[PDB]
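Asker: Okay, so here is target25.pdb, and as you'll see once you scroll down, it has PDB, C-alpha atoms.
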ATOM      1  CA  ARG A   1     -34.638  56.202  40.155  1.00  0.00           C
ATOM      2  CA  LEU A   2     -32.723  55.633  43.399  1.00  0.00           C
ATOM      3  CA  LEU A   3     -34.375  58.422  45.399  1.00  0.00           C
ATOM      4  CA  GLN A   4     -37.848  57.060  44.581  1.00  0.00           C
ATOM      5  CA  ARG A   5     -36.920  53.380  45.097  1.00  0.00           C
ATOM      6  CA  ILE A   6     -35.556  54.266  48.542  1.00  0.00           C
ATOM      7  CA  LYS A   7     -38.690  56.231  49.446  1.00  0.00           C
ATOM      8  CA  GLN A   8     -40.769  53.267  48.308  1.00  0.00           C
ATOM      9  CA  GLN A   9     -38.621  50.862  50.330  1.00  0.00           C
ATOM     10  CA  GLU A  10     -39.032  53.042  53.414  1.00  0.00           C
ATOM     11  CA  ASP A  11     -42.800  53.060  52.968  1.00  0.00           C
ATOM     12  CA  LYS A  12     -42.880  49.308  52.421  1.00  0.00           C
ATOM     13  CA  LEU A  13     -40.747  48.651  55.492  1.00  0.00           C
ATOM     14  CA  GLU A  14     -43.048  50.747  57.687  1.00  0.00           C
ATOM     15  CA  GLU A  15     -46.070  48.808  56.448  1.00  0.00           C
ATOM     16  CA  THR A  16     -44.087  45.621  56.975  1.00  0.00           C
ATOM     17  CA  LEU A  17     -43.415  46.609  60.593  1.00  0.00           C
ATOM     18  CA  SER A  18     -47.079  47.353  61.055  1.00  0.00           C
ATOM     19  CA  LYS A  19     -47.822  43.753  59.995  1.00  0.00           C
ATOM     20  CA  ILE A  20     -45.284  42.406  62.494  1.00  0.00           C
ATOM     21  CA  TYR A  21     -46.791  44.515  65.291  1.00  0.00           C
ATOM     22  CA  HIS A  22     -50.174  43.005  64.537  1.00  0.00           C
ATOM     23  CA  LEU A  23     -48.820  39.453  64.526  1.00  0.00           C
ATOM     24  CA  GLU A  24     -46.928  40.105  67.770  1.00  0.00           C
ATOM     25  CA  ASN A  25     -50.267  41.156  69.187  1.00  0.00           C
ATOM     26  CA  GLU A  26     -51.955  38.056  67.770  1.00  0.00           C
ATOM     27  CA  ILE A  27     -49.235  35.909  69.339  1.00  0.00           C
ATOM     28  CA  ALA A  28     -49.695  37.729  72.667  1.00  0.00           C
ATOM     29  CA  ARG A  29     -53.465  37.040  72.777  1.00  0.00           C
ATOM     30  CA  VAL A  30     -52.949  33.423  71.744  1.00  0.00           C
ATOM     31  CA  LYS A  31     -50.498  33.049  74.603  1.00  0.00           C
ATOM     32  CA  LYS A  32     -52.844  34.887  76.933  1.00  0.00           C
ATOM     33  CA  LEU A  33     -55.430  32.372  75.751  1.00  0.00           C
ATOM     34  CA  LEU A  34     -53.199  29.369  76.503  1.00  0.00           C
ATOM     35  CA  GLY A  35     -52.641  30.916  79.922  1.00  0.00           C
ATOM     36  CA  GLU A  36     -49.078  32.243  79.740  1.00  0.00           C
TER      37      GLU A  36
ATOM     38  CA  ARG B   1     -22.745  50.064  45.230  1.00  0.00           C
ATOM     39  CA  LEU B   2     -25.711  52.265  46.167  1.00  0.00           C
ATOM     40  CA  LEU B   3     -27.367  50.439  43.291  1.00  0.00           C
ATOM     41  CA  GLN B   4     -26.626  46.874  44.439  1.00  0.00           C
ATOM     42  CA  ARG B   5     -27.279  47.710  48.091  1.00  0.00           C
ATOM     43  CA  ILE B   6     -30.788  48.900  47.200  1.00  0.00           C
ATOM     44  CA  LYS B   7     -31.616  45.907  44.997  1.00  0.00           C
ATOM     45  CA  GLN B   8     -30.302  43.845  47.894  1.00  0.00           C
ATOM     46  CA  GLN B   9     -32.602  45.612  50.349  1.00  0.00           C
ATOM     47  CA  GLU B  10     -35.535  45.253  47.966  1.00  0.00           C
ATOM     48  CA  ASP B  11     -34.970  41.531  47.596  1.00  0.00           C
ATOM     49  CA  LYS B  12     -34.475  41.158  51.336  1.00  0.00           C
ATOM     50  CA  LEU B  13     -37.698  43.037  52.031  1.00  0.00           C
ATOM     51  CA  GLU B  14     -39.616  40.862  49.563  1.00  0.00           C
ATOM     52  CA  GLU B  15     -38.426  37.683  51.251  1.00  0.00           C
ATOM     53  CA  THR B  16     -39.246  39.218  54.640  1.00  0.00           C
ATOM     54  CA  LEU B  17     -42.788  39.872  53.452  1.00  0.00           C
ATOM     55  CA  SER B  18     -42.996  36.269  52.238  1.00  0.00           C
ATOM     56  CA  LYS B  19     -41.937  35.128  55.715  1.00  0.00           C
ATOM     57  CA  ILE B  20     -44.594  37.356  57.282  1.00  0.00           C
ATOM     58  CA  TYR B  21     -47.256  36.033  54.907  1.00  0.00           C
ATOM     59  CA  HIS B  22     -46.491  32.523  56.068  1.00  0.00           C
ATOM     60  CA  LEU B  23     -46.504  33.536  59.722  1.00  0.00           C
ATOM     61  CA  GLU B  24     -49.887  35.219  59.255  1.00  0.00           C
ATOM     62  CA  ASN B  25     -51.209  31.864  58.085  1.00  0.00           C
ATOM     63  CA  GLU B  26     -49.549  29.940  60.938  1.00  0.00           C
ATOM     64  CA  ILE B  27     -50.941  32.187  63.688  1.00  0.00           C
ATOM     65  CA  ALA B  28     -54.371  32.208  62.041  1.00  0.00           C
ATOM     66  CA  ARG B  29     -54.335  28.418  62.067  1.00  0.00           C
ATOM     67  CA  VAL B  30     -53.201  28.327  65.686  1.00  0.00           C
ATOM     68  CA  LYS B  31     -55.919  30.841  66.507  1.00  0.00           C
ATOM     69  CA  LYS B  32     -58.637  28.786  64.796  1.00  0.00           C
ATOM     70  CA  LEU B  33     -57.367  25.702  66.621  1.00  0.00           C
ATOM     71  CA  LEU B  34     -57.629  27.411  70.008  1.00  0.00           C
ATOM     72  CA  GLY B  35     -61.147  28.489  69.066  1.00  0.00           C
TER      73      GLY B  35
ATOM     74  CA  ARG C   1     -29.435  61.603  52.214  1.00  0.00           C
ATOM     75  CA  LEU C   2     -29.419  58.549  49.950  1.00  0.00           C
ATOM     76  CA  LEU C   3     -26.410  56.807  51.525  1.00  0.00           C
ATOM     77  CA  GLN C   4     -27.436  57.698  55.058  1.00  0.00           C
ATOM     78  CA  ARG C   5     -30.971  56.559  54.170  1.00  0.00           C
ATOM     79  CA  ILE C   6     -29.939  53.190  52.735  1.00  0.00           C
ATOM     80  CA  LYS C   7     -27.822  52.499  55.811  1.00  0.00           C
ATOM     81  CA  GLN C   8     -30.717  53.399  58.105  1.00  0.00           C
ATOM     82  CA  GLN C   9     -32.993  51.126  56.041  1.00  0.00           C
ATOM     83  CA  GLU C  10     -30.486  48.268  56.202  1.00  0.00           C
ATOM     84  CA  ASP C  11     -30.283  48.571  59.994  1.00  0.00           C
ATOM     85  CA  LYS C  12     -34.051  48.810  60.236  1.00  0.00           C
ATOM     86  CA  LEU C  13     -34.521  45.696  58.107  1.00  0.00           C
ATOM     87  CA  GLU C  14     -32.004  43.775  60.197  1.00  0.00           C
ATOM     88  CA  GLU C  15     -33.939  44.705  63.344  1.00  0.00           C
ATOM     89  CA  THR C  16     -37.151  43.666  61.618  1.00  0.00           C
ATOM     90  CA  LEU C  17     -35.723  40.292  60.642  1.00  0.00           C
ATOM     91  CA  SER C  18     -34.790  39.743  64.293  1.00  0.00           C
ATOM     92  CA  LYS C  19     -38.421  40.394  65.219  1.00  0.00           C
ATOM     93  CA  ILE C  20     -39.548  37.871  62.602  1.00  0.00           C
ATOM     94  CA  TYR C  21     -37.116  35.331  64.008  1.00  0.00           C
ATOM     95  CA  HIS C  22     -38.490  35.677  67.551  1.00  0.00           C
ATOM     96  CA  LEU C  23     -42.000  35.510  66.111  1.00  0.00           C
ATOM     97  CA  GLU C  24     -41.239  32.258  64.300  1.00  0.00           C
ATOM     98  CA  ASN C  25     -39.846  30.893  67.557  1.00  0.00           C
ATOM     99  CA  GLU C  26     -42.878  31.973  69.582  1.00  0.00           C
ATOM    100  CA  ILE C  27     -45.345  30.438  67.124  1.00  0.00           C
ATOM    101  CA  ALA C  28     -43.244  27.270  66.998  1.00  0.00           C
ATOM    102  CA  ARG C  29     -43.463  26.981  70.769  1.00  0.00           C
ATOM    103  CA  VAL C  30     -47.122  27.997  71.202  1.00  0.00           C
ATOM    104  CA  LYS C  31     -48.107  25.629  68.424  1.00  0.00           C
ATOM    105  CA  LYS C  32     -46.966  22.037  68.594  1.00  0.00           C
ATOM    106  CA  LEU C  33     -47.268  22.394  72.326  1.00  0.00           C
ATOM    107  CA  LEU C  34     -50.611  21.191  70.985  1.00  0.00           C
ATOM    108  CA  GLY C  35     -49.811  18.668  68.254  1.00  0.00           C
TER     109      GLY C  35
END
Mind turning this structure into structure tokens?

Answerer:
Amino acid sequence: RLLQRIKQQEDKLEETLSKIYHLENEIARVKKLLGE
Amino acid sequence: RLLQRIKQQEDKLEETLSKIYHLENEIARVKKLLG
Amino acid sequence: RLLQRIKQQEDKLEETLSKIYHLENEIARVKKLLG
């Protein structure tokens, strides 16, 4: 159970980071938009 | 507890994803506003 | 493995949460700097 759960958590965290990267990029463009 | 630590991490991750979901909505709204 | 992998995941998630925090702050500044 634990080995699989951990592998799943590692996969989920990587996909979670991907999401954050995208948002950080969204935030960057929005700020570029606003002029800063 | 390797067992409790993992359930802890799982719960944490779920809440983190809930936070991200909300932020996705916020930035999308801000983006629509800016045009 | 397992113990060294849960620790690494816990650190990773803490770093991620920090990113989320800064994100929330950035979106709170960008937005309602127009409202």

Asker: Write out the coordinates of chain C as a compact mmCIF listing (two decimals) with C-alpha atoms, in the coordinates of the input after a least-squares overlay onto chain B built on all ordered Cα pairs.

Answerer:
# COMPACT_ATOMS: atom_id res chain seq x y z
CA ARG C 1 -22.74 50.36 45.81
CA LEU C 2 -25.95 52.35 46.22
CA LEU C 3 -27.85 50.79 43.30
CA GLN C 4 -26.58 47.30 44.02
CA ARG C 5 -27.43 47.89 47.69
CA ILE C 6 -30.99 49.08 47.07
CA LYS C 7 -31.64 46.08 44.85
CA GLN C 8 -30.27 43.72 47.50
CA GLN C 9 -32.46 45.46 50.10
CA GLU C 10 -35.53 45.18 47.87
CA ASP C 11 -34.95 41.44 47.41
CA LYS C 12 -34.32 41.03 51.12
CA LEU C 13 -37.53 42.85 52.01
CA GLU C 14 -39.52 40.74 49.56
CA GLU C 15 -38.15 37.58 51.21
CA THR C 16 -39.00 39.04 54.60
CA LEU C 17 -42.56 39.80 53.56
CA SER C 18 -42.91 36.17 52.46
CA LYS C 19 -41.82 35.11 55.95
CA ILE C 20 -44.43 37.44 57.47
CA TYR C 21 -47.07 35.95 55.21
CA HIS C 22 -46.31 32.38 56.33
CA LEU C 23 -46.24 33.61 59.92
CA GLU C 24 -49.69 35.17 59.58
CA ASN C 25 -50.91 31.89 58.13
CA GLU C 26 -49.38 29.81 60.92
CA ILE C 27 -50.85 31.99 63.66
CA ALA C 28 -54.22 31.95 61.88
CA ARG C 29 -54.17 28.16 61.90
CA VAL C 30 -52.77 27.63 65.41
CA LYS C 31 -55.24 30.13 66.78
CA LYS C 32 -58.91 29.71 65.98
CA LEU C 33 -58.22 26.02 66.02
CA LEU C 34 -59.19 27.07 69.53
CA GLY C 35 -61.99 29.61 69.14

Asker: Could you list the residues in chain A lying within 10 Å of chain C, using all atoms listed in the file, and format the result as a ChimeraX atom specification?

Answerer: /A:2-3,6-7,9-10,13-14,16-17,20-21,23-24,27-28,30-31,34,36

Asker: Have a look at B:4, B:25, B:15, B:10 and name the one nearest to residue A:8; count all atoms listed in the file.

Answerer: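 Nearest candidate to residue A:8 out of B:4, B:25, B:15, B:10: B:10.
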
Asker: Would you compute the distance between atom CA of residue C:29 and atom CA of residue B:24? Give it in Å to one decimal.

Answerer: 15.5 Å

Asker: Would you compute the distance between atom CA of residue A:33 and atom CA of residue B:33? Give it in Å to one decimal.

Answerer: 11.5 Å

Asker: If you measure from atom CA of residue A:19 to atom CA of residue A:35, what distance in Å do you get, rounded to one decimal?

Answerer: 24.2 Å

Asker: Could you give me the axis-aligned bounding box of stretch 2-10 of chain C, with 4 Å of padding per side, as centre plus edge lengths in Å to one decimal, as lines of an AutoDock Vina configuration file?

Answerer:
center_x = -29.7
center_y = 53.4
center_z = 54.0
size_x = 14.6
size_y = 18.3
size_z = 16.2
